[PDB]
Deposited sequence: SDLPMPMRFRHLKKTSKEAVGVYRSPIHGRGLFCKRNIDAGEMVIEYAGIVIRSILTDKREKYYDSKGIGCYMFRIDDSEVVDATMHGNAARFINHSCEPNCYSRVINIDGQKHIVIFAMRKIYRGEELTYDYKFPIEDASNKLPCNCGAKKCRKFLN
C-alpha cells in the first residue's frame, strides 16, 4: 500500500515490540512474534554489514576459531550480510519449507537493506521463518518439507 522507502523508514521501534528471541523446536533459538502481524507487513531488517562473498570463508574461519557463532545472510553469489557483530534479532530466523515470511533486498536512499516480510497473517506465539536460498537435514516439520536446507 505505502511505497517501499516510506514503509522502511519505520522499523527499529516497531520490531522491538513485534518480535522476540526464544528457544525454537526447529533449531537452537528462533524469532517469534509477540503480537499478530498482517500479511505483507515489514517485520524486521536483517541488520548487518554488506560484504563481498569471497571474504565469507575467512570471516567464518575467524569466528569459528574464537567460538563465536557466525551469522550471515547470502544476498547472492557476490554479496553477503554479516550479522555476527552488528546484527539484530533477525539473525535468529530459522528456515522452513512452509515459511510465513520472505526476504527481499531493498535499496533505500542508495543503501541496501535486507528486509523480512510476512507472506501470510502471523499470529502471536508463532515462530517466524523464511525459505533459506540453499545438505543439512530440515527440522521445520511441514507436511510439504523438502527434508534438506
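- Message: No C-alpha coordinates means not modelled. Give me those stretches of the deposited sequence in order.
- Response: Residues missing from the model, as numbered along the full deposited sequence, span 1, 136 to 142, 158.
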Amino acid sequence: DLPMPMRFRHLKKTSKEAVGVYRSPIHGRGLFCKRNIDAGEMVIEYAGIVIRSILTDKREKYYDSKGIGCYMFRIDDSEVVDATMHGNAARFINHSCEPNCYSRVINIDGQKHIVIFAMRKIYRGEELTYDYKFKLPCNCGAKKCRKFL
From here on, numbers count along this sequence of modelled residues.
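- Message: In a third or more of the other compared PDB entries with flanking residues modelled, does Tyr22 go missing?
- Response: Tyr22: modelled in all of the comparison entries.
- Message: Counting only other entries where the flanking residues are modelled, do a third or more lack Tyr132?
- Response: No, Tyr132 has coordinates in all the other entries compared.
- Tell me which of 125 to 133 and 7 to 15 has the higher mean C-alpha B-factor in the deposited entry. The entry gives the higher C-alpha B-factor average to 7 to 15.
- Task: Quick one: say whether 65 to 73 or 84 to 92 has the higher mean Cα B-factor in the deposited entry.
- Result: Taking the mean C-alpha B-factor of 65 to 73 and of 84 to 92, the larger value falls to 65 to 73.
- Entry-reported Cα temperature factor of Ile108, expressed as the chain third it lands in: Highest third.
- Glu98 CA temperature factor, ranked by third within the chain: Highest third of the chain for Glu98's C-alpha B-factor.
- Task: Give the position of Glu41 by CA B-factor within its chain, expressed as the lowest, middle or highest third.
- Result: As the PDB entry reports it, the C-alpha B-factor of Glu41 lands in the highest third of its chain.
- Message: Can you tell me whether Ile51 has a C-alpha B-factor in the lowest, middle or highest third compared with the other modelled residues of the same chain?
- Response: Its C-alpha B-factor, which the entry lists for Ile51, ranks in the middle third among residues of this chain.
- Item | Third of the chain's Cα B-factor distribution that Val115 belongs to, per the entry | Middle third - that is where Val115 ends up once the chain's C-alpha B-factors are sorted.
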